[PDB]
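One chain comes next, on its own, written out as structure tokens in the form deposited in one PDB entry.
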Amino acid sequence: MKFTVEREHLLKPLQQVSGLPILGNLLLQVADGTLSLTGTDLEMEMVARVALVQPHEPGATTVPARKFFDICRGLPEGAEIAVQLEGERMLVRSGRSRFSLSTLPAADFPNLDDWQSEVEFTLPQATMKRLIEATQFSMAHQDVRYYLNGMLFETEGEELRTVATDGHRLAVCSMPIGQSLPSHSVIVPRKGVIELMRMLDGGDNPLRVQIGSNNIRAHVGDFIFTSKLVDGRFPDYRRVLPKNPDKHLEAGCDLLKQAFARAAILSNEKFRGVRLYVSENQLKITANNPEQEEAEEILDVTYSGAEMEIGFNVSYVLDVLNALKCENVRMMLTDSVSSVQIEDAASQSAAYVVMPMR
């Protein structure tokens, strides 16, 4: 196996794939004028393809991923990197820099089980970015209900939808993708969600998604990501959204956020409770702690419904307001013992639900 490639063509692929010792190695394969680089943890897999325009020789090996990446990144801009398998070592040469890396046999590198695509669609990179960033923060962390640790991806009509929840708060975002889709839902594990996000880059390359019974695959440019799915029964966001949250409050997003952030300073460090007093065109936020310290914030808002008070975990509210990258927020209320729905006043595409505190 031999190839000579420009540093600039290796770097991004190496970074993407680099994200039982052999799991710490990358599989390198030179075949039909292409270098393929594969990384795996048995749960998911990233494969990058790089065209070889310079003379090359076929073959495959595996090499320590972090070391190979660090060597390549460490070389100067515009470096050419010549690679050849010699004996049980992989030689890396650029300029007068030389490196000899250990290898493990390509035959030992694990594969994911073969599977069939049942559901397929294409969508803009920007749409996937939007779907993930709108909801990611609401996924559970290390919950015994394993399926909450991931993210629901649901197709319905022509929309792709993400849902994330930890039982206390929920985020949902739906985006049109302009294709007739089957009604289908799968749960992507949190590490898979992280990877799907990482592969976007923000150019114009579209994303191609294939969904099987136990796998998801995403194709973008010369990269293929495959993950196992998570089994289990994800809650139904329609049951979490308040049935008729007809008390509507509108306020400046950053004004509201900074008021909550200040009140938070004097909330209970563990329980993080704050109280909201809603009245005609006014919101009052209060907080107190076991040390008897108190915060009070008063803001002007647009509100014409009945007066009510409601308690919330301020961290959950802040998370939502930080995820809303917008000018004005709408809060949609029911009563003191029911959830609040929060949205961008200018867009219905994402919705957030926070359960109250007694």
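A residue's number is simply how far along the shown sequence it sits, counting from 1. Rigid core: the largest C-alpha set superposing within 1.5 Å between the two forms.
FYI, the form deposited in another entry isn't displayed, but the following is about it.
When the two forms are superposed on their rigid core between this form and the one not shown, the C-alpha shift of 2 Å or more among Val53, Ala31, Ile298, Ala306 belongs solely to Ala306.
Remark: with the core as the superposition reference, the CA shift of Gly203 between this form and the one not shown reaches 2 Å or more. Relative to the shown form, the CA atoms of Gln54 and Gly203 are pushed 3 Å or more farther apart in the other form. By 3 Å or more, the C-alpha separation between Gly203 and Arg7 grows in the other form relative to the form shown here.
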